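Heads up, the thing below is written out as structure tokens.
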Amino acid sequence: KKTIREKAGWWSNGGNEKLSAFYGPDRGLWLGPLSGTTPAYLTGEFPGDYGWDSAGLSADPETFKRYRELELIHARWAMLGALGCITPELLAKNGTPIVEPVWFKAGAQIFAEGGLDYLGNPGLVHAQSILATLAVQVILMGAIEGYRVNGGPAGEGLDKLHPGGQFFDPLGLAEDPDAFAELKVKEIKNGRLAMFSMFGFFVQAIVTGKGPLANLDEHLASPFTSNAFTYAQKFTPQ
Amino acid sequence: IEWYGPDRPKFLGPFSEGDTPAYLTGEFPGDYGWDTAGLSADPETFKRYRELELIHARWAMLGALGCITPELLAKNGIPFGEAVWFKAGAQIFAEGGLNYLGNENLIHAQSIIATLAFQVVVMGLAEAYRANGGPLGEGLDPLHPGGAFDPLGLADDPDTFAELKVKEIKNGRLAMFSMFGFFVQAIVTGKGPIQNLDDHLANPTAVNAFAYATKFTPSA
Amino acid sequence: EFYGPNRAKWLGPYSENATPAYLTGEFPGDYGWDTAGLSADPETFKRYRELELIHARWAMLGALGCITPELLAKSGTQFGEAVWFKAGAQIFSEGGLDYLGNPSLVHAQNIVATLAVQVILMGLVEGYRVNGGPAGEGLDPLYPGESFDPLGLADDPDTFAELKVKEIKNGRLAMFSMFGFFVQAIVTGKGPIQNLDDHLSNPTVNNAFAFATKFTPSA
Ligand code: CHL
Ligand code: CHL
Ligand code: CLA
Ligand SMILES: CC1=C[C@H](O)CC(C)(C)[C@H]1/C=C/C(C)=C/C=C/C(C)=C/C=C/C=C(C)/C=C/C=C(C)/C=C/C1=C(C)C[C@H](O)CC1(C)C
Ligand SMILES: CC1=C[C@H](O)CC(C)(C)[C@H]1/C=C/C(C)=C/C=C/C(C)=C/C=C/C=C(C)/C=C/C=C(C)/C=C/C1=C(C)C[C@H](O)CC1(C)C
Ligand SMILES: CC1=C[C@H](O)CC(C)(C)[C@H]1/C=C/C(C)=C/C=C/C(C)=C/C=C/C=C(C)/C=C/C=C(C)/C=C/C1=C(C)C[C@H](O)CC1(C)C
């Protein structure tokens with residue numbers, strides 16, 4: 001019905017049927033063609049709506065709103081965390097002299113008497129007091145999150161999840177409402193992937209005990225040799 | 001300070017005008033406007049959660065006092081074969097059993113199964129009576145029955161009743177927080193609460209929780 | 001009765017004012033236990049009922065599957081690893097996972113292929129369970145019938161109701177017992193049948209309280 005170059009995905013700014021796979025009735029669902037009866041409250045109006053409420057926890061619209069905000073905030077924090085749990089180890093295996101690049105050991109760097117050099121450079125942050133660090137952090141993050149929940153110096157009458165003034169959308173990527181609608185989906189999908197992968201970081205720490213990039217490397221060395229089933233008998237009750 | 005209505009104190013203070021939900025009217029004690037998770041949107045679930053909060057609060061107050069008291073009495077002279085609270089239960093397996101204040105003549109419990117059996121019998125009776133009433137009440141409030149539970153009569157005035165409700169739920173939230181702390185810092189430290197305070201007071205800057213931070217690292 | 005207002009309830013005689021208004025005696029196993037109010041919304045209540053019943057059926061199968069190999073183990077079969085919480089580690093043995101000890105029966109050697117086939121078939125069947133398929137286009141999400149009743153036990157509504165109650169109650173029993181399997185495997189480190197044998201050997205001394213001081217931190 002179309003020509004070759006429209007099939008091949010040319011001609012940007014033809015997007016109103018491309019939101020159909022992420023919003024609306026006939027969108028992609030959590031079990032795909034094997035998920036018939038989506039919850040009636042998951043109408044397809046919000047980003048990331050795949051019809052997954054098996055436990056019915058979001059049946060109330062207001063708790064559904066609160067859960068959406070929880071999801072997006074967790075997603076953003078988990079994206080930052082997934083990037084930050086791999087950046088030091090990548091940089092250390094590329095050769096930056098980070099003293100403890102593994103993430104679940106990265107907090108114990110501040111107890112070495114050379115302090116917490118940021119990239120392993122003593123001329124950088126050079127933090128020694130974990131208590132002063134925590135105090136600074138508590139003050140700043142309390143101000144920050146209280147500003148988030150009601151408003152602050154960066155806009156008060158803005159949305160609770162996507163404020164998008166000149167402080168939180170300073171590149172203007174989301175001025176087109178369709179670009180905004182699909183970027184919301186990209187945000188929530190990358191964020192759900194990051195939350196799943198951060199759960200994976202947690203479990204791979206508690207189970208394996210090495211770094212996540214070290215786990216990737218020892219899996220790529222001999223995958224069938226070394227897997228999560230290698231550590232299946234680790235939590236044996238003795 | 002009001003504690004009720006729209007101009008009540010709230011859990012983010014000045015930051016709290018637009019965070020409180022529409023359903024958290026300042027009707028119930030301790031309503032600081034904290035339902036970020038929206039778990040109390042349904043009024044019935046809200047009522048059940050209020051009951052859970054208050055019962056956990058009362059049990060946690062009793063338990064906080066019961067974990068603090070024996071240790072204080074322990075250093076203030078009294079014999080306590082096992083004073084620390086997270087091993088106070090293992091006294092049954094000692095030679096002389098669980099003597100109450102160290103007195104071999106007070107209780108002298110030797111069997112934990114019989115202790116537990118009596119406990120289930122009377123706790124079930126009492127909690128069933130709590131749910132649906134009994135010898136100390138027929139159709140009273142599920143949370144503030146009164147009558148048999150006000151022999152002193154502190155809360156016959158509604159305003160005193162309200163302020164004491166707030167005091168109750170707040171001391172109880174404090175005790176629940178403190179009991180959670182007891183748990184986590186017993187698991188982390190392995191010592192009692194009073195000894196943790198003594199150690200923190202001996203060297204506050206290097207005897208805090210961060211000294212036990214690298215304790216749970218997997219390390220292959 | 002097991003239905004209506006005059007039904008059996010979770011606290012027995014002390015249960016008249018302990019049941020919510022929304023727990024009408026309509027659904028099986030309604031003893032009036034929603035102290036946490038988690039089923040106030042009828043839709044969340046329906047979803048939680050489905051979760052309860054599916055957990056119940058899976059837990060019944062699992063309870064039988066953890067009891068059976070151990071019984072058969074002392075009854076005379078070898079069972080390289082009979083205990084249930086190490087029955088999975090048979091794949092890493094020399095001869096793999098032989099079903100009843102027979103090297104000729106299955107002889108599974110790779111856990112990743114086993115798992116792959118499992119995800120394949122389980123996803124297919126659970127998606128058919130949610131939205132139907134070759135064994136049911138649009139039947140009840142919980143009691144489909146019509147291919148899951150080759151014997152036809154529940155064509156009468158009253159028999160259907162009483163068997164529903166029996167199902168959900170055997171299943172709650174199995175879920176409790178499976179939770180027990182978990183906690184007392186973690187605590188004891190032995191099988192369920194051996195725990196029963198040890199309890200029957202000396203009931204007053206080798207009960208759970210013998211393992212009470214096991215998880216104390218002790219600095
Ligand atoms: C404007 C300043 C102000 C700020 C920033 C806060 C902030 C807070 N108040 Mg609040 N209040 C404030 C003013 C007031 N409060 C109150 C009355 C109350 C009450 C009664 C209560 C609060 C509570 C809270 C907390 C609720 C949010 C939360 O749970 O954090 C969650 C986020 C975290 C816990 C992040 C952790 C922070 C920290 C950096 C942790 C360190 C990280 C660890 C190392 C991680 C451990 C690693 C593990 C995983 C291995 C929060 C700390 C509640 C509370 O105490 O709950 C805890 C509560 O019950 N406030 C009054 C009287 C009217 C105020 C007056 O202005
Ligand atoms: C009038 C007497 C009567 C009493 C007291 C009870 C009591 C109970 N019934 Mg009920 N029933 C009663 C009559 C009847 N019941 C039933 C039919 C049922 C059913 C089908 C069910 C119940 C269940 C329950 C329980 C629900 C509350 C709960 O979960 O416990 C919470 C309280 C505790 C768990 C206290 C524990 C006691 C002990 C001291 C614990 C030990 C503490 C540990 C050492 C601490 C842990 C250590 C940590 C740190 C690791 C509760 C024990 C439910 C159940 O079995 O849930 C468990 C259930 O499914 N009943 C019938 C038939 C009509 C009755 C007829 O009279
Ligand atoms: C009001 C209740 C209360 C009180 C008085 C204490 C007091 C104490 N705790 Mg406990 N604790 C509590 C709640 C409490 N805790 C809770 C709720 C938790 C669970 C998160 C813990 C978990 C915990 C652990 C794991 C350990 C302690 C330890 C300690 C001692 C050293 C202080 C420390 O390391 O801080 C740790 C405090 C926390 C982890 C959280 C409590 C939050 C407080 C009440 C709010 C902040 C107030 C503070 C003065 C402001 C600081 C600002 C800035 C520096 C951050 C000290 C006696 C340590 C110990 O035994 O040392 C001897 C220890 O190992 N506590
Ligand atoms: C949907 C549904 C449906 C039905 O109905 C029901 C259900 C099932 C329930 C549901 C589901 C859900 C889910 C799955 C969830 C999940 C979550 C997660 C995973 C999260 C994470 C989450 C995650 C997160 C936050 C993360 C974060 C992170 C971070 C901060 C980080 C930090 C850091 C870093 C950087 C590193 C350094 O050195 C250190 C640290 C400090 C460590
Ligand atoms: C609000 C909100 C909001 C949003 O929305 C959401 C969320 C977030 C979810 C929410 C939150 C919540 C929370 C925080 C909770 C907490 C809780 C707790 C802590 C409890 C405790 C609780 C606690 C408790 C009970 C306690 C108790 C105690 C006791 C009994 C004791 C006992 C004892 C003692 C004496 C000692 C001895 O030797 C022995 C014993 C036997 C041991
Ligand atoms: C009702 C109510 C009311 C209020 O309102 C609230 C509350 C309280 C929340 C509620 C309660 C709830 C509950 C209690 C729950 C429980 C649950 C459970 C126990 C489950 C189990 C559950 C359980 C289950 C599934 C089980 C399953 C099992 C299985 C699969 C098995 C498997 C197996 C076997 C054969 C053995 C081999 O060698 C291997 C394996 C592979 C291992």
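In the structure tokens, chains take letters A, B, ... by order of appearance, with residues numbered from 1 within each chain and ligands from 1 in the order shown.
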
Using only C-alpha atoms and all ligand atoms, determine which residues fall within 7 Å of ligand 4, then list them as a VMD selection string. chain A and resid 52 to 57 74 to 75 77 to 78 80 to 85 103 to 107 195 to 196 198 to 199

ask   = Got a sec to check which residues lie within 9 Å of ligand 2, using only C-alpha atoms and all ligand atoms, and send them as an MDAnalysis selection string?
value = (chainID B and resid 116:117 119:128) or (chainID C and resid 2 7:15 29:31 33 35 169 172:173 176 209 212 215)

Residue 15 of chain A environment, 12 Å, only C-alpha atoms, sequence neighbours closer than 2 positions dropped, as JSON, numbers by chain: {"A": [9, 10, 11, 12, 13, 17, 18, 19, 20, 21, 176, 177, 178, 179, 180, 181, 182]}

Write out as a PDB file with N, CA and C atoms, in the first residue's frame every residue belonging to chain A that has an atom at most 6 Å from any atom of chain C, counting only C-alpha atoms.
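And here's part26.pdb as it stands now:
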ATOM      1  N   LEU A  34      -0.653 -12.906  23.969  1.00  0.00           N
ATOM      2  CA  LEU A  34      -1.190 -13.785  24.995  1.00  0.00           C
ATOM      3  C   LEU A  34      -1.606 -13.013  26.241  1.00  0.00           C
ATOM      4  N   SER A  35      -2.079 -11.782  26.064  1.00  0.00           N
ATOM      5  CA  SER A  35      -2.626 -10.976  27.156  1.00  0.00           C
ATOM      6  C   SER A  35      -3.898 -10.325  26.634  1.00  0.00           C
ATOM      7  N   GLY A  36      -5.033 -10.939  26.933  1.00  0.00           N
ATOM      8  CA  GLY A  36      -6.277 -10.522  26.336  1.00  0.00           C
ATOM      9  C   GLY A  36      -6.963  -9.432  27.120  1.00  0.00           C
ATOM     10  N   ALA A  55      -1.297  -8.235  39.928  1.00  0.00           N
ATOM     11  CA  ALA A  55      -1.638  -8.177  41.338  1.00  0.00           C
ATOM     12  C   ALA A  55      -2.706  -7.147  41.658  1.00  0.00           C
ATOM     13  N   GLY A  56      -3.193  -6.410  40.664  1.00  0.00           N
ATOM     14  CA  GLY A  56      -4.267  -5.462  40.894  1.00  0.00           C
ATOM     15  C   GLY A  56      -3.951  -4.370  41.884  1.00  0.00           C
ATOM     16  N   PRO A 237      21.646 -24.671  52.630  1.00  0.00           N
ATOM     17  CA  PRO A 237      21.505 -24.767  54.085  1.00  0.00           C
ATOM     18  C   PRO A 237      22.323 -25.928  54.625  1.00  0.00           C
ATOM     19  N   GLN A 238      23.240 -25.615  55.531  1.00  0.00           N
ATOM     20  CA  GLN A 238      24.186 -26.596  56.036  1.00  0.00           C
ATOM     21  C   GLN A 238      23.636 -27.293  57.275  1.00  0.00           C
TER      22      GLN A 238
END

Contacts of ligand 5, 10 Å or closer, only C-alpha atoms and all ligand atoms, given as a PyMOL selection string:
(chain A and resi 63+66) or (chain B and resi 11+31-41+49+52-70+82-90+172-183)

Tell me the residues of chain B close to chain C, meaning within 9 Å using only C-alpha atoms, as a PyMOL selection string. chain B and resi 42+44-49+51-52+86-87+89-90+112-113+125+128-129+131-134+139+186-191

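Of the residues listed (B:9, B:135, B:77, B:21), B:21 shows the shortest atom-to-atom separation from chain A; distances use only C-alpha atoms.
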
Open item on the list: Could you tell me which residues of chain B sit within 12 Å of chain A when counting only C-alpha atoms, and give me the result as number ranges by chain?
Closed with: B: 11-23, 34-43, 45, 204-220

For the atom pair atom CA of residue 193 of chain B and atom 14 (C, counted along the ligand's line) of ligand 3, what is the interatomic distance in Å to one decimal place?
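Computing it gives 9.3 Å between the two atoms.
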
message = as a list in words, please: every residue in segment 106-137 of chain B that a backbone DSSP assignment puts in alpha helix (DSSP H).
response =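 Alpha helix (DSSP H) members of segment 106-137 of chain B, listed: residues 112, 113, 114, 115, 116, 117, 118, 119, 120, 121, 122, 123, 124, 125, 126, 127, 128, 129, 130, 131 and 132 of chain B.
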
Practice item. Write out as number ranges by chain which residues come within 12 Å of residue 192 of chain C when counting only C-alpha atoms, dropping same-chain ones fewer than 5 positions away. Key: C: 63-71, 82-85, 177-187, 197-199

Residues near residue 183 of chain A, cut-off 12 Å, only C-alpha atoms, skip fewer than 4 positions along chain, as a ChimeraX atom specification = /A:19,22,47-48,162,173-179,187-191

Filtering to N, CA, C and O atoms, could you give me those residues as a PDB file, in the first residue's frame?
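Saved result, out.pdb, follows:
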ATOM      1  N   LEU A  19       2.741   6.459  17.685  1.00  0.00           N
ATOM      2  CA  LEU A  19       2.302   6.428  19.069  1.00  0.00           C
ATOM      3  C   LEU A  19       1.304   5.311  19.326  1.00  0.00           C
ATOM      4  O   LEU A  19       0.966   5.055  20.487  1.00  0.00           O
ATOM      5  N   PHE A  22       2.486   2.417  21.538  1.00  0.00           N
ATOM      6  CA  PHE A  22       2.843   2.738  22.906  1.00  0.00           C
ATOM      7  C   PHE A  22       1.731   3.441  23.659  1.00  0.00           C
ATOM      8  O   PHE A  22       1.819   3.556  24.886  1.00  0.00           O
ATOM      9  N   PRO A  47       2.527   6.516  29.680  1.00  0.00           N
ATOM     10  CA  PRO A  47       3.665   5.851  29.050  1.00  0.00           C
ATOM     11  C   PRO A  47       4.055   4.583  29.783  1.00  0.00           C
ATOM     12  O   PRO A  47       3.996   4.500  31.011  1.00  0.00           O
ATOM     13  N   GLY A  48       4.461   3.589  29.004  1.00  0.00           N
ATOM     14  CA  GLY A  48       4.839   2.306  29.541  1.00  0.00           C
ATOM     15  C   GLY A  48       3.684   1.398  29.867  1.00  0.00           C
ATOM     16  O   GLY A  48       3.886   0.379  30.536  1.00  0.00           O
ATOM     17  N   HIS A 162       7.360  15.569  35.156  1.00  0.00           N
ATOM     18  CA  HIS A 162       8.008  16.162  33.992  1.00  0.00           C
ATOM     19  C   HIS A 162       7.836  17.671  34.071  1.00  0.00           C
ATOM     20  O   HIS A 162       7.043  18.260  33.326  1.00  0.00           O
ATOM     21  N   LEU A 173      14.120  19.235  24.190  1.00  0.00           N
ATOM     22  CA  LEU A 173      13.866  18.025  23.425  1.00  0.00           C
ATOM     23  C   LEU A 173      12.399  17.640  23.421  1.00  0.00           C
ATOM     24  O   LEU A 173      11.986  16.832  22.584  1.00  0.00           O
ATOM     25  N   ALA A 174      11.605  18.192  24.334  1.00  0.00           N
ATOM     26  CA  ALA A 174      10.236  17.752  24.549  1.00  0.00           C
ATOM     27  C   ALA A 174       9.225  18.865  24.312  1.00  0.00           C
ATOM     28  O   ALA A 174       8.218  18.956  25.016  1.00  0.00           O
ATOM     29  N   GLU A 175       9.474  19.716  23.324  1.00  0.00           N
ATOM     30  CA  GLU A 175       8.517  20.750  22.969  1.00  0.00           C
ATOM     31  C   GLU A 175       7.492  20.251  21.964  1.00  0.00           C
ATOM     32  O   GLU A 175       6.344  20.708  21.979  1.00  0.00           O
ATOM     33  N   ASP A 176       7.876  19.325  21.099  1.00  0.00           N
ATOM     34  CA  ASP A 176       6.900  18.645  20.266  1.00  0.00           C
ATOM     35  C   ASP A 176       6.117  17.657  21.123  1.00  0.00           C
ATOM     36  O   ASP A 176       6.718  16.761  21.728  1.00  0.00           O
ATOM     37  N   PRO A 177       4.789  17.772  21.202  1.00  0.00           N
ATOM     38  CA  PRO A 177       4.046  16.869  22.090  1.00  0.00           C
ATOM     39  C   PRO A 177       4.147  15.408  21.695  1.00  0.00           C
ATOM     40  O   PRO A 177       4.059  14.541  22.570  1.00  0.00           O
ATOM     41  N   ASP A 178       4.338  15.102  20.411  1.00  0.00           N
ATOM     42  CA  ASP A 178       4.508  13.709  20.011  1.00  0.00           C
ATOM     43  C   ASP A 178       5.900  13.206  20.365  1.00  0.00           C
ATOM     44  O   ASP A 178       6.061  12.077  20.851  1.00  0.00           O
ATOM     45  N   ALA A 179       6.920  14.031  20.131  1.00  0.00           N
ATOM     46  CA  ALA A 179       8.255  13.692  20.604  1.00  0.00           C
ATOM     47  C   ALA A 179       8.262  13.529  22.112  1.00  0.00           C
ATOM     48  O   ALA A 179       8.908  12.624  22.642  1.00  0.00           O
ATOM     49  N   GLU A 187      11.945   6.963  28.170  1.00  0.00           N
ATOM     50  CA  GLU A 187      12.376   7.169  29.544  1.00  0.00           C
ATOM     51  C   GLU A 187      11.966   6.003  30.414  1.00  0.00           C
ATOM     52  O   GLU A 187      12.793   5.405  31.106  1.00  0.00           O
ATOM     53  N   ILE A 188      10.686   5.653  30.378  1.00  0.00           N
ATOM     54  CA  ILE A 188      10.193   4.645  31.294  1.00  0.00           C
ATOM     55  C   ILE A 188      10.714   3.268  30.924  1.00  0.00           C
ATOM     56  O   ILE A 188      10.916   2.427  31.799  1.00  0.00           O
ATOM     57  N   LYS A 189      10.996   3.022  29.649  1.00  0.00           N
ATOM     58  CA  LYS A 189      11.503   1.717  29.248  1.00  0.00           C
ATOM     59  C   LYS A 189      12.975   1.559  29.591  1.00  0.00           C
ATOM     60  O   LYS A 189      13.376   0.535  30.152  1.00  0.00           O
ATOM     61  N   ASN A 190      13.797   2.558  29.272  1.00  0.00           N
ATOM     62  CA  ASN A 190      15.174   2.534  29.736  1.00  0.00           C
ATOM     63  C   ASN A 190      15.233   2.463  31.251  1.00  0.00           C
ATOM     64  O   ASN A 190      16.111   1.800  31.810  1.00  0.00           O
ATOM     65  N   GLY A 191      14.281   3.093  31.933  1.00  0.00           N
ATOM     66  CA  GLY A 191      14.301   3.091  33.381  1.00  0.00           C
ATOM     67  C   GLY A 191      13.871   1.771  33.982  1.00  0.00           C
ATOM     68  O   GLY A 191      14.400   1.348  35.005  1.00  0.00           O
TER      69      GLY A 191
END

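Comparing B:199, B:71, B:156, B:7 by their smallest distance to ligand 3, the closest is B:199 (using only C-alpha atoms and all ligand atoms).
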
Report as a ChimeraX atom specification all protein, DNA and RNA residues lying within 10 Å of residue 91 of chain A, evaluated on only C-alpha atoms, omitting residues in the same chain fewer than 5 positions from it.
/A:86,96-98,101,119

**Prompt:** Expressed in Å to a single decimal, how great is the separation between atom 46 (C, counted along the ligand's line) of ligand 1 and atom CA of residue 201 of chain A?
**Reply:**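 Distance reported for this atom pair: 15.5 Å.
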
Counting only C-alpha atoms and all ligand atoms, the residue among A:194, A:132, A:222, A:169 that lies closest to ligand 1 is A:132

Please report the interatomic distance between atom 20 (C, counted along the ligand's line) of ligand 6 and atom CA of residue 203 of chain C in Å with one decimal.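 Distance reported for this atom pair: 26.6 Å.
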